[PDB]
């Protein structure tokens with residue numbers, strides 16, 4: 001029900017996202033779309049934080065033909081485990097990230113696939129959730 005946003009659409013590469021958090025949408029852009037093929041690329045992203053992030057966890061799933069073929073989890077914030085300066089932001093803050101994203105997928109996939117990313121907190125509550133649809137024929 002959130003709108004599907006176009007992130008990239010060029011000759012041989014298309015990327016769209018839709019928030020799967022029922023509370024809200026968020027803003028997301030990639031500075032250079034073709035960098036996604038290198039698995040490190042720069043983004044800009046913005047969202048209102050609706051949950052505490054005392055702990056922040058990411059879970060990233062690669063889905064190909066309806067099947068989750070790979071899933072990994074990374075700790076972003078926590079006691080002795082904080083990776084981002086914005087760890088520690090309070091519930092209700094407007095969060096802005098500009099910078100690199102590195103996905104821990106080895107053979108960065110060709111073809112059509114989905115990356116689902118969910119951020120959760122100390123209470124397993126969803127802080128953000130998106131489905132990224134990718135069409136990569138580069």
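Cβ placement follows ideal geometry from the backbone for every residue including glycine, while neighbour counts extend to all protein chains displayed. Rule-based calculations on the coordinates, nothing more; no lab input.
Can you tell me which residue among 99, 104, 92 is outside any strand (DSSP E or B) and on the phi > 0 side of the Ramachandran plot?
Sole residue among the options that is outside any strand (DSSP E or B) and on the phi > 0 side of the Ramachandran plot: 92.
I'm trying to understand the selection: among the residues of segment 17-43, which are touching a residue at least 24 places away in the same chain (Cβ under 8 Å), part of a loop (DSSP other than H, G, I, E, B) and more than 21 Å from residue 112 (Cβ to Cβ)?
Within segment 17-43, 21, 23, 24, 26 qualify.
Being surrounded by 11 or more Cβ atoms within 10 Å (Cβ to Cβ) and part of a loop (DSSP other than H, G, I, E, B) is the filter here; which residues of segment 69-86 pass it?
Residues satisfying the conditions are 78, 81, 82, 83, 84, 86.
Assuming residue 123 fulfils every condition listed in (1) over 20 Å from residue 28 (Cα atoms); (2) in contact with a strand residue (DSSP E or B) (Cβ under 7 Å, 6 or more places away or on another chain); (3) in contact (Cβ under 8 Å) with a residue 60 or more places away in the chain apart from one, which condition is it?
(2)
Does at least one position in segment 44-64 carry a residue that is in a strand (DSSP E or B), surrounded by 13 or more Cβ atoms within 10 Å (Cβ to Cβ) and without any contact (Cβ under 8 Å) to a residue 24 or more places away in the chain? Let's see the steps before the verdict.
Restricting attention to segment 44-64, the residues satisfying the condition of being in a strand (DSSP E or B) are 44-48, 56-64.
If we keep only those that are surrounded by 13 or more Cβ atoms within 10 Å (Cβ to Cβ) too, we end up with 44-48, 56-64.
Checking the rest, the ones that are also without any contact (Cβ under 8 Å) to a residue 24 or more places away in the chain come to none.
Among the residues of segment 44-64, not one is in a strand (DSSP E or B), surrounded by 13 or more Cβ atoms within 10 Å (Cβ to Cβ) and without any contact (Cβ under 8 Å) to a residue 24 or more places away in the chain, which makes the answer no.
Name every residue in segment 98-110 that is in contact with a strand residue (DSSP E or B) (Cβ under 7 Å, 6 or more places away or on another chain) and surrounded by fewer than 14 Cβ atoms within 10 Å (Cβ to Cβ), in order of residue number.
Result: 98, 99, 100, 102, 104, 110.
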